[PDB]
Amino acid sequence: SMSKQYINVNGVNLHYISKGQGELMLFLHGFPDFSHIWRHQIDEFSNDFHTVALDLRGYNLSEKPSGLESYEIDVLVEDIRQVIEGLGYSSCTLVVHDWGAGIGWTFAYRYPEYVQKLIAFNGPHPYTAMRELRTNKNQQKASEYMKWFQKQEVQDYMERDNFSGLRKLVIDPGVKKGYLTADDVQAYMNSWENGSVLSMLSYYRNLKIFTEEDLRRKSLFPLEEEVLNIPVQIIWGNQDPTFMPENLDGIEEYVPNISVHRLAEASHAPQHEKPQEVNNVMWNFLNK
Ligand SMILES: OC[C@@H](O)COc1cccc2ccccc12
């Protein structure tokens with residue numbers, strides 16, 4: 000029942016996984032993954048939703064436009080908007096992780112009419128993310144790798160030696176912990192062969208979180224609204240190196256109507272680390 004194909008939106012062709020029929024469940028991955036990370040969710044909800052897992056511009060088989068400007072939050076947000084539309088929908092249930100959550104969160108605040116329900120995994124909340132980057136010394140040690148992703152020299156660390164950098168970041172842990180199969184691993188290797196690490200990096204080269212005058216602002220990306228009122232669910236890997244727990248502190252002020260599930264065991268990418276647990280929390284949330 001699973002299809003893979005393209006969609007023209009916003010001046011690009013995005014590759015996307017598709018399965019099932021009905022109301023739209025849209026999954027947004029992040030760095031350095033792709034549509035595949037959502038495999039377990041697609042298998043699970045596709046008899047109740049039309050599950051669509053998208054390859055963010057630059058990633059895997061999606062077009063890879065040139066210039067930092069092609070990877071501005073405004074652009075990416077519009078990408079998402081055009082996708083719900085062009086898939087035949089005026090709204091969806093939006094499931095987000097990492098960079099996809101940065102985009103997703105922003106989209107949701109900006110277009111609450113387009114999101115019936117938001118499910119968010121480890122990744123930046125527009126408001127708290129900024130707060131912890133100011134107050135949380137642990138979050139700054141944690142986010143230090145971002146200062147680093149700005150340098151040209153970085154991409155070679157990642158691609159060099161058959162993607163040594165990326166394999167040890169993502170493949171090694173998951174193979175030894177048991178959540179990556181040998182086919183999952185071929186899947187990833189191909190995605191990095193087929194996508195561009197340059198464009199992957201370009202997402203960060205637009206981040207305005209570096210100058211002291213950059214850190215002053217309230218929201219990670221610009222936002223008129225400071226409250227999101229749709230039903231939201233956080234599913235959170237408590238042991239994630241890149242995001243400190245304080246990120247979820249006082250979050251209800253910015254999302255009244257939120258539910259939060261913390262996996263003390265799981266790390267950055269709960270969705271494929273502990274699929275059955277993540278899946279049951281999702282079910283429960285979807286029916287509340
Ligand atoms: O607390 C804030 C930090 O997480 C900042 O990190 C990020 C900012 C914007 C996009 C991001 C995407 C993926 C991971 C981290 C991101």
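Here PDB author numbering is used: the first residue of the sequence shown is 0, the next is one more, and so on. For each residue, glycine too, the CB sits at the ideal point set by N, CA and C.
Check, Outcome
"Just checking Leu168 against ligand 1 - is the residue's beta carbon closer than 8 Å to any of the ligand's heavy atoms?", "no"
"Residue range of the alpha helix (DSSP H) that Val74 falls in?", "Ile72 to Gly85"
"Using 8 Å for Cβ pairs, my map puts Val259 next to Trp235. What's the rounded Cβ distance?", "7 Å"
"Measure the alpha-carbon distance for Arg80 versus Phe33 and round it to whole angstroms.", "19 Å"
"Near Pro240, what residues of its chain come up, given a Cβ to Cβ distance below 8 Å and the 5 sequence neighbours on each side ignored?", "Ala141, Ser266 and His267"
"Can you grab the Cα-Cα spacing for the pair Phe284 / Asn278, in whole Å?", "10 Å"
"Taking its Cβ as the centre, do 16 or more other Cβ atoms sit within 10 Å of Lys207, making it buried, or is it exposed?", "exposed"
"Can you list the beta strand (DSSP E) stretches of 3 or more residues lying completely in the segment 203-271, in chain order?", "231-236 and 257-262"
"In chain order, what residues of the same chain lie with their CB nearer than 6 Å to the CB of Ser201, ignoring the 5 residues before and after it?", "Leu67 and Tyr70"
"As a quick exercise: from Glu223, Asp47 and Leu93, pick the residue whose alpha carbon is nearest that of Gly21.", "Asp47"
"Return helix, strand or coil for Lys287, following the three-state DSSP convention.", "coil"
"Taking C-beta to C-beta, are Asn237 and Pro123 nearer than 9 Å?", "no"
"What residues in its chain sit with their C-beta under 6 Å from that of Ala100, if we drop five residues either side in the sequence?", "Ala119 and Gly122"
"Quick one: what's got a C-beta closer than 8 Å to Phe148's C-beta in the same chain, skipping five residues either side?", "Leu200, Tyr203 and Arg204"
"With a CB to CB cut of under 6 Å and the five nearest residues on each side skipped, what residues in its chain are close to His35?", "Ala186"
"Between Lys63 and the rest of its own chain, which residues show a CB-CB distance below 6 Å, the 5 nearest in sequence each way excluded?", "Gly57, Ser195 and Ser198"
"Helix, strand or coil: which one does DSSP assign to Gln151?", "coil"
"Would you say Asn246 touches ligand 1, meaning its beta carbon is less than 8 Å from a heavy atom?", "yes"
"Can you check DSSP and say which residues form a bridge with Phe26?", "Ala52 and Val94"
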